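Undergrad: Take this structure first; my questions come after.
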Amino acid sequence: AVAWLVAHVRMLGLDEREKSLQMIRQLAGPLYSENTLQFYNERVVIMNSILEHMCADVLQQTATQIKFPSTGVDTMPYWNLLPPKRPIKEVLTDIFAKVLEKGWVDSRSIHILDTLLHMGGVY
Amino acid sequence: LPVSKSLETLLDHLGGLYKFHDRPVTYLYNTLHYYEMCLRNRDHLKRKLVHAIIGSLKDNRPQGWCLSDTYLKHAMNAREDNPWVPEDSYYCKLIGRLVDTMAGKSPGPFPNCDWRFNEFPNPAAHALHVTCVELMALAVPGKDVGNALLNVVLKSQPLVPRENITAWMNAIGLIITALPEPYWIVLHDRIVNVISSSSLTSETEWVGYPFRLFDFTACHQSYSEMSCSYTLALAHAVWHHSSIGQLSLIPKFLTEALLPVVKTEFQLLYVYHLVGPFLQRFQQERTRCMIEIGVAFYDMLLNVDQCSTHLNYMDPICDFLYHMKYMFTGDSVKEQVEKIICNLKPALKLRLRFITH
Amino acid sequence: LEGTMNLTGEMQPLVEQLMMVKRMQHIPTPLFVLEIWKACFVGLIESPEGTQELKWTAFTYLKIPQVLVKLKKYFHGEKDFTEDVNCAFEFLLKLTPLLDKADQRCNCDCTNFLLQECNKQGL
C-alpha cells in the first residue's frame, strides 16, 4: 500500500484505477473468513489500518476523498492546517501578532511555524 | 401577611387573565430589596406561593423557554429538595443561557410572537425571575444565591469554558446588577473576608510582583490564573455594568471595612486596582464620594507606611496619586490631606512634596 | 519546543540550552524552576487531544531526570536544590486553578499529581 501510494504520487493516475484497488486492499471487509489463527483478528487489523492511514495522507488529498480505512477514535492531530488559497505571509497576520500577546508559544502553532519554515525559506 | 391566604386561591381562579401582560421582575425586586432581612415570614409561605407567582409564567404558550422546563421539573415536586443537588451545574447552564445570547442561536426558539414584543430589546430579564422564585420559597436567598452564582468562576467547573471568560464575567455582572440589594451585597464580603486576607500577606510569596498578578488578561496563558485575580476581574465587571447607583456603597465600604484589614502595601495596591478606573465614573456625577475615596486612600497609605520595613513598589503609587489629584479632584482634598501627608515617611514626603501646591 | 518536536537526545542538549539562556537573563533558581514546571504543566492540557497525552505524560516524567542531572551538574554548593525547589513549588502551588484544570483534564490527575510530587522526591 505504501509502495503504490508512492507509485501513484509519481504517475498520473487520471483514471484513478489504482485507488479502486487500494481501497479494496485497505478495506476491513474480510472478518477472518478463513480460519487463520492469529489471536489478534481485531487488534492487528486496527493497528494495520491506523498505520496505513498514517501514510497516504498527502496522496489522498491530491485525489478523491479518503476511503476512511482507519475507523478509529480520533485521527492524526498534527497536520498542515494551511488554508487552500492564502498567502504564506500569515505569521504576521495571525500567528506572530497573537503570540506577541499569547506568550506561551501556543504549542499547536509551533507546527505551523515549522511547516512555514521548511515550506518557504529561512532567509 | 396572614390575609395572604386570600389570593393564594384567587390566583387559581383569575390566573388566566394574565395571558396579556407580564412584569413580575419589578414586583419581586421591590420585594426582596430590604425586606430580605426579615422576609422569612413571607418565605415560609412562599413555600406555597411559588406555585402562585408561577401563575403568570404558566399562563402562556410560547414554547421557547427551555430551562424554565427544568425549573418546573424541579419545582413542581419537593419544592426544597430537587434543585439543590446540581446547584453549580444549574447556575452554569442558567447563565450560559444568557452568555450564548450573543453568538449562538439567539434569534431562534427564544424570540417570537412577534419579535416586537418578544422581550428582546434586552434578554437578561429572562433569567432574573427564575433566580428569584426558585429559592424564594426557601430561607436560602440573600446570601447564598449570589455567592453561589459568583462561585461559578473561581470554583471552575467542567461545564464552564475558558475562552470567553470575559464574556462570562460580563454575564455575571449583568445578572447580578439587577438583583436586589442583598444579592449583590456579596461582592463586599467576597472581597474582604477572602481576597484581602486569604493569606496574601505573610505567606505573600516569591509571587510578590503585584502589577503582573492583579490585572486580568494575565490568564491569556493557562498560567497566572491566581484565584485573587479572578475576583478582581469580576469586581471590575460588576462595578462596570452596575455603574448607576450601587456604587454609592463603596465609600462606606472602604472607610468602614477596609481600614483595619490592611497592613502591607500590595493590599493597598489591590484596593487601588479595585477602585481606580471607576473614579471617572464617580466624577461624572457623584462628585461627593471622590474626596471620601481620596482620604480613604490617604489613610490606607498612612496605615501601611506606619507598619512596613521598606516601601519598594511605591514609585508608581506616587505618580498614580499625582494624576488622581491632577485630573480628578484638583484642590478640594487639600485641607483634608495637608494634616495627613505629614505623618508619612521621609521618602514618601520628598516624593509627594509637590502636592502642597 | 523540546517536548513537542522531539523526545530523544537527552545527553545534555536541552540542559546546555537551558543553562545558556539562564546565564544571559534573570537567573533565580525559583523562577527558573517555576518556568520549567509551568511549561511542563501547560502541555498535556491544551496541546494533546487523543494519543498525544500519552506522550505528554512521558515528557512530564522525563523532565525530572533532566532537572536532576541539572542539579547534579549546574548548581554545586549554593542552595543545593533543597531550598529553591521548595520555594518554586510554593511559587507554583500558589497558582491553584492551573492545577485544578490540569486535574480536570485527566479527570484523575489529583491523586496522579500527589504521586508525581512524591515522585519528584528523588531530588
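Protein chains in written order, with full-length UniProt numbering: chain B, 618 to 740; chain H, 978 to 1334; chain G, 250 to 372. Here a beta-carbon is modelled for each residue, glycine too, at the ideal position from N, C-alpha and C.
Where in the region 1152-1221 of chain H do unbroken runs of the alpha helix (DSSP H), each at least 4 residues long, occur, reported from the N-terminal end onward?
TA: List check, alpha helix (DSSP H) in window: 1158-1161, 1163-1166, 1187-1191 and 1204-1218.
Undergrad: Using a 10 Å radius around the Cβ and a threshold of 16 neighbouring Cβ atoms, would you call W286 of chain G buried or exposed?
TA: With 16 or more Cβ atoms within 10 Å of its Cβ, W286 of chain G is classed as buried.
Undergrad: Can you tell me whether DSSP reads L984 of chain H as helix, strand or coil?
TA: Reduced to three states, the DSSP call for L984 of chain H is helix.
Undergrad: Please report the distance separating the alpha-carbon of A337 of chain G from that of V1184 of chain H.
TA: Their Cα atoms are separated by approximately 10 angstroms.
Undergrad: For the candidate residues B:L734, B:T688, B:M664 and B:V626, whose alpha-carbon lies nearest to that of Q677 of chain B?
TA: Of the candidates B:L734, B:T688, B:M664 and B:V626, the one whose C-alpha sits nearest the C-alpha of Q677 of chain B is B:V626.
Undergrad: What's the C-alpha gap between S1201 of chain H and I1030 of chain H?
TA: Cα-Cα distance, rounded: 46 angstroms.
Undergrad: Quick check: the region 702-714 of chain B against the region 979-986 of chain H, are there 3 or more CB pairs under 8 angstroms?
TA: Flag = no, the region 702-714 of chain B and the region 979-986 of chain H do not touch.
Undergrad: With a threshold of 8 angstroms between beta-carbons, can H1197 of chain H be considered close to chain B, or not?
TA: Yes, contact with chain B.
Undergrad: Using 10 angstroms around the beta-carbon of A1052 of chain H, count the other beta-carbons present and answer buried if the total reaches 16, otherwise exposed.
TA: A1052 of chain H is buried by the Cβ-count criterion.
Undergrad: For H275 of chain G, report the span of its alpha helix (DSSP H) as first-last.
TA: Counting along the chain, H275 of chain G falls outside any alpha helix (DSSP H), and DSSP gives it neither H nor E.
Undergrad: Less than 8 angstroms between the C-beta atoms of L1236 of chain H and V1248 of chain H, yes or no?
TA: Going by C-beta atoms, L1236 of chain H is not nearer than 8 angstroms to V1248 of chain H.
Undergrad: Out of H:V1272, H:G1222, H:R1074 and H:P1039, which has the shortest C-alpha to C-alpha gap to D1091 of chain H?
TA: It is H:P1039 whose Cα lies nearest to the Cα of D1091 of chain H.
Undergrad: Are the C-beta of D632 of chain B and some C-beta of chain G separated by less than 8 angstroms?
TA: Answer no: the Cβ-Cβ gap between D632 of chain B and chain G never drops below 8 angstroms.
Undergrad: Do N1141 of chain H and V1215 of chain H have their C-beta atoms within less than 8 angstroms of each other?
TA: Cβ atoms of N1141 of chain H and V1215 of chain H: not closer than 8 angstroms.
Undergrad: Any idea what DSSP makes of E1013 of chain H, helix, strand or coil?
TA: It is helical.
Undergrad: Do you know whose CA, among G:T278, G:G252, G:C367 and G:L342, lies nearest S296 of chain G's CA?
TA: Residue G:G252 is the option with its Cα nearest to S296 of chain G.
Undergrad: Grab me the residues of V1130 of chain H's own chain with a C-beta within less than 8 angstroms of its C-beta, minus the 5 sequence neighbours each way, in chain order.
TA: The residues are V1137, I1142, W1145, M1146, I1149, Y1207 and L1211.
Undergrad: Since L1256 of chain H and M1301 of chain H should fall inside the 8 angstroms C-beta cutoff, what is the C-beta to C-beta distance between them, to a whole number of angstroms?
TA: With 8 angstroms as the limit, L1256 of chain H and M1301 of chain H qualify as a contact, their Cβ atoms being about 7 angstroms apart.
Undergrad: What separation, rounded to the nearest whole angstrom, lies between the Cα atoms of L283 of chain G and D1276 of chain H?
TA: Computed Cα separation, rounded: 37 angstroms.
Undergrad: Taking C-beta to C-beta, are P1228 of chain H and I1168 of chain H nearer than 8 angstroms?
TA: Result no, Cβ atoms of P1228 of chain H and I1168 of chain H do not sit closer than 8 angstroms.
Undergrad: For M736 of chain B, count neighbouring C-beta atoms within 10 Å of its own C-beta (all shown protein chains included) and say buried if the count is 16 or more, exposed if not.
TA: Its Cβ having fewer than 16 others within 10 Å, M736 of chain B is exposed.
Undergrad: Determine whether the Cβ of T253 of chain G lies closer than 8 angstroms to any Cβ atom of chain B.
TA: Yes, contact with chain B.
Undergrad: If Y323 of chain G sits next to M268 of chain G, beta carbons under 8 angstroms apart, how far is it from one beta carbon to the other, in whole angstroms?
TA: Sure, about 6 angstroms apart at Cβ, within 8 angstroms.
Undergrad: Taking the runs of the alpha helix (DSSP H) that are 4 residues or longer, which of them lie wholly in the region 698-724 of chain B?
TA: Runs found: 713-716.
Undergrad: Who are the neighbours of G737 of chain B on chain H, taking C-beta pairs under 7 angstroms?
TA: By Cβ distance, chain H contributes nothing, its closest Cβ being about 28 angstroms from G737 of chain B, past 7 angstroms.
Undergrad: Per DSSP, what kind of secondary structure is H325 of chain G in: helix, strand or coil?
TA: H325 of chain G falls in the coil class under three-state DSSP.
Undergrad: Return the chain-ordered list of same chain residues with a C-beta closer than 6 angstroms to the C-beta of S1219 of chain H, the five sequence neighbours on each side being excluded.
TA: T1154.
Undergrad: If you run the structure through DSSP and keep just helix, strand and coil, what is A1052 of chain H?
TA: In the structure shown, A1052 of chain H sits in a helix (DSSP, three-state: H, G or I).
Undergrad: Taking 7 angstroms as the limit between beta carbons, can you name the residues of its chain near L263 of chain G, skipping five residues before and five after?
TA: Closer than 7 angstroms at Cβ, skipping near neighbours: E251 and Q315.
Undergrad: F1297 of chain H by DSSP, collapsed to three states: which one?
TA: DSSP places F1297 of chain H in helix when its eight states are reduced to three.
Undergrad: Go ahead and pull the three-state DSSP assignment for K1035 of chain H.
TA: Three-state result, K1035 of chain H: helix.
Undergrad: Considering only the beta carbon of each residue, do residue 1399 of chain H and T1108 of chain H sit closer than 8 angstroms?
TA: In the structure displayed, chain H extends from 978 to 1334; residue 1399 of chain H sits before or after that span and is not available.
Undergrad: Tell me whether the beta-carbon of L988 of chain H lies closer than 8 angstroms to the beta-carbon of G1032 of chain H.
TA: Going by C-beta atoms, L988 of chain H is nearer than 8 angstroms to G1032 of chain H.
Undergrad: Could you confirm whether any beta carbon from chain H is found closer than 8 angstroms to the beta carbon of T345 of chain G?
TA: With 8 angstroms as the cut-off, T345 of chain G counts as an interface residue toward chain H.
Undergrad: Output the distance between the C-alpha atoms of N361 of chain G and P346 of chain G, rounded to the nearest integer angstrom.
TA: Rounded to the nearest angstrom, the two C-alpha atoms are 16 angstroms apart.
Undergrad: Express the C-alpha separation of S1199 of chain H and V291 of chain G in angstroms, rounding to a whole number.
TA: Distance between the alpha carbons of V291 of chain G and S1199 of chain H is about 6 angstroms.
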